[PDB]
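Heads up, the chain shows up twice below as structure tokens, two forms, tagged structure 1 and structure 2.
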Structure 1
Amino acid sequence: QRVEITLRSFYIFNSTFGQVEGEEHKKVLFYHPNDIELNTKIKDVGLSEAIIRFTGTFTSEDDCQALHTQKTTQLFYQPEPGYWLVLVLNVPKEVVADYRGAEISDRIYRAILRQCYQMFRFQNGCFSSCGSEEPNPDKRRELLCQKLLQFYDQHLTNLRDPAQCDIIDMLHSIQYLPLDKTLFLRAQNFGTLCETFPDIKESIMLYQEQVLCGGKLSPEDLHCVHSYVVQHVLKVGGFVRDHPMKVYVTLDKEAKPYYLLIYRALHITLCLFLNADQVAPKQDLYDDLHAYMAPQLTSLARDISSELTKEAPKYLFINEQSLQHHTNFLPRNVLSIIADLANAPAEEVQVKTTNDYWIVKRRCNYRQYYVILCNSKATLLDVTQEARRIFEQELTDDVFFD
């Protein structure tokens, strides 16, 4: 019998509140399994705070990262001064009850724990900004608790399976979309909507689940928009919808509120951003936009589909500046080794696993290249040319200078 990694608890706390005796239960802002008795809820926070206090003797309290134990593994994160997010896991077991906790990589789960906070901030803002109208400093926390419950009773349910995690989860990568010269320019021509309608501040396009035109937005904001649209529109021909949805992104100087509008034309999704200081738009804008955009988007999405329909070693190439990857994706140990090797001058690593697997890694110009050869026993001399053939077929230009 074998058991894989399973989630146990996820909680958020701040230790400043609850100083007065008899009200120590105010520090708990969110505990995931709600059926747990409050006494059991207090002790976890107590143990965590004890760990931060113990670490604070030598180094700073902000540097506490993880806690390892025979049966669990606890991970910490501090987004803002005072507030802490903690995630608790269960180690794999093989049956004498042997535990295999050494197979857990903390970086993947820390990245997941960061994605959680980023997804919260995208729609609601910082923890310290909620309820800014109330002057009473005690009633402000109730609104924060309500917002946390509403968001995290639906976010955690739709979480990805912990047993399956790879480099792509660590690195926030989206696949590349090959396309030709004319259709890309036709798609880019739709950014001229600003001149006709001066309210629009930005527009982005998606083809199915891949990016076609990103525009001005930063990669992290684009990833957030992609994740929301994938998990709330596609999986669940006109506008999808009275004040529209409000989101928080940064375009010029700082993060500001905006109204997000979503339009679907077959397999093309268009996201439009409007200002949030003024009044919500009326029906005339919707009617005009629909009557102006109905035929052209459908024609383009019908042409791209026709173009796409007409047209053992494994490889994975990743770009760090744009966060996009090209691959054709192996036992668990190989993937764990690739996770260990992932991360700056140039380098070159060749590694042979005990089960006859060759892994070749190179880095050059903010990019990473992985080639995996399997079921082949070859000496160290031949693997270089075997990798060079693959680096030649898939890369049009050679940047390694032979």
Structure 2
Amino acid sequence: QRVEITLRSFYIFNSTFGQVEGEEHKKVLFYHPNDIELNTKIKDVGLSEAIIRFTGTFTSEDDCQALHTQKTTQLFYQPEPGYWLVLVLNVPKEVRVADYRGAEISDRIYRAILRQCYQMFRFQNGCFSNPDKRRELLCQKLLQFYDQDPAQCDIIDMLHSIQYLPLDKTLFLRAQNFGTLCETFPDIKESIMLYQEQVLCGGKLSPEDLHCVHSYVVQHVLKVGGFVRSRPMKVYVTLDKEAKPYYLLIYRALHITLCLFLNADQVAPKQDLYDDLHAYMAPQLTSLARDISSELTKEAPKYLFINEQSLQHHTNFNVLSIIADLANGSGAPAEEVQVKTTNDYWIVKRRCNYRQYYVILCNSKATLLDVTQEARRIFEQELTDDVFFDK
């Protein structure tokens, strides 16, 4: 009778506030769920602060990272000095008496999730830094964010990668041609083009900002023929060594989403600009989308080839024990790791200059040499321009 991981609590606190007696409720800036009594909130914040101050007697205070009780595990994270995020989890149970199996949880995945939460909040609203009363009401953005699965997490969600879109040269040159908008219209500072879910042509932007833009677009615009209007939306992205606000304009062709970054130190754009952009851009974008769709219509061991410099993976994705091993052995010179599990699964890993390769095999009648040969066959079949210098 498996119970698997659930979510028990999530809160943000700042110990600086409420140093005077009787203001113990000023610590909490957010608590989830909101149905809990105030005393329990204060007790949980007190426990977290006690653990942090106990750790802070051997090393630096900003080193605390986790707690493992018998049935709940907590994760700490400090994005800015003073502010802490905590993610209480629930240990899976096994019934045969209760058999807690809190040894099947990898802290890296959920700590990465904690990182992504703050990254998205920063993208939309900015940094965390009375103003605390404004902040506490602006933090009820993290109410729909945790309303829109904890058990289903893997290495891809740990590394924040997006799949790769292969295109022929002519279509790519045609698509990249949409860079004359910054010249015909001097106001536009940046443009990014997406296919349905893969990034088609996004340039002059760091991978983190591109991931944030892609995640926001997929979450809002795609899930729930021209300029999509929401019921002047500002974003905070870093360009030229500084994070600055920018207006975001989203234009939707058939399957193509084109995000335009207008300058945000002037007044909001008027209707004439929208009309000009529409009448200047609609037909070419429609034709390009139709051509790409037609071309894409014209066009056992697993694998997963991850790139660490652009966060674009390429896979064809395995029991839970196998999935747990991939997230364990992951990240410096090259290396080569081969592992066989009890249930007869062979796992091979390579690490070239900046990449990671994985191959999973299911063969119980193989030796070390046979497995190496099979992995080499797969690597040669699914890749060109041999990178390992196998010769």
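Start at 1 and count along the sequence of structure 1; that gives the residue numbers used here. In this text, the rigid core denotes the largest set of C-alpha atoms whose superposition between the two forms falls within 1.5 Å. Shifts are known only where both forms have a C-alpha.
**Student:** Would you indicate which listed residue, out of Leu29, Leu373, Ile338, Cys364, moves its Cα by 2 Å or more between structure 1 and structure 2 relative to the superposed core?
**Tutor:** So the residue whose C-alpha moves 2 Å or more is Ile338.
**Student:** Taking 2 Å as the cut-off, check whether the CA of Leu143 shifts that much or more between structure 1 and structure 2 after a rigid core fit.
**Tutor:** Yes, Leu143 moves 2 Å or more.
**Student:** Core superposed first, then measure: what is the displacement of the CA of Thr69 between structure 1 and structure 2, in Å?
**Tutor:** On core superposition, this C-alpha lies 0.6 Å from its counterpart.
**Student:** Give the C-alpha shift of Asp397 between structure 1 and structure 2, in Å, after superposing the two forms on their rigid core.
**Tutor:** Its C-alpha moves by 1.0 Å once the cores are overlaid.
**Student:** What stretches, three or more residues long, have all their C-alphas moved by 2 Å or more between structure 1 and structure 2 when the rigid core is held in place?
**Tutor:** Only these runs move by 2 Å or more: 136 to 154, 333 to 343, 375 to 377.
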